[PDB]
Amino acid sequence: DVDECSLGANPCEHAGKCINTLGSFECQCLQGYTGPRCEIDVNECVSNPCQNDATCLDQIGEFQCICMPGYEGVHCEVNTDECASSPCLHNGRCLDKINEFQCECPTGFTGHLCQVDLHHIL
């Protein structure tokens, strides 16, 4: 038997661990690498995991998503609820939009956040 792991170069790419066998050898790849000699950098973005026009970053053994405004989550799958912080004053009804909200103000109030009092005028 030749020990392929004790020759001039590591036959395993991308710093994989070479393990000798009788008649051959095997490679124990680092996370994110595949192939008999760990030749391939797995594309973690190949199944399109980043949603809603997010940018997928193909990294070593992982992906990361960069979300379009108004989206969040690991897959950018969550439409951020802009009504969460109760931005509408005076019990205004809050409507969630994309990276935005709308306030439906009660009688006598107006403005994006229902700030303006009109009760005194009438």
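One-based numbering along the sequence shown.
The PDB entry records a higher mean C-alpha B factor for 109-117 than for its counterpart among 6-14 and 109-117. Per the deposited record, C94 carries the highest C-alpha B-factor of all listed residues (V78, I60, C38, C94). Ranked by Cα temperature factor within the chain, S85 sits in the highest third according to the deposited record. Split the chain's modelled residues into thirds by C-alpha temperature factor. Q28 is in the lowest one.
Ranked by C-alpha B-factor against the other modelled residues of its chain, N48 falls in the middle third.
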